[PDB]
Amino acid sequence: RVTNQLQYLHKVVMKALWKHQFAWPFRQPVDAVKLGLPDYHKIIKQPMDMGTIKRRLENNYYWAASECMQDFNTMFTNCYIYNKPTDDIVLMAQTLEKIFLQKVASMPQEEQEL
């Protein structure tokens, strides 16, 4: 579906996050081979990234805004779960997620299909 809320997540939320200076590690799936992390996929069972979310928004994959929101959440949560407390990546995720939440607080309240 196209909804008012999904249009918002696409044109306001993703728009802001995608171009953020800290976005680059999150624009594509975590590549466990490239990064030397052979336990990554044993720990994280549902990988998620903004490239996947963006593509899903562009292709009208989502039925409701909450589904898109859950994918954003999964991406951040995977990052906090997998990495060490002191890894810079965790700070970058937090910075992006703060913006995610700020923008979500202003999303149109009632979902309507267009």
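For clarity, a rigid core is taken as the largest C-alpha set superposing within 1.5 Å between two forms. Numbering starts at 1 and runs along the sequence shown.
Displacement analysis by core superposition in 7 other deposited structures of this protein ranks 102-110 above the other of 102-110 and 6-14 in root-mean-square C-alpha distance from the shown form.
Mean C-alpha B-factor is higher over 50-58 than over the other stretch, the pair under comparison being 68-76 and 50-58. For the pair 90-98 and 11-19, the mean Cα B-factor is higher in 11-19. For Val33, the recorded CA temperature factor ranks within the middle third of the chain's modelled residues.
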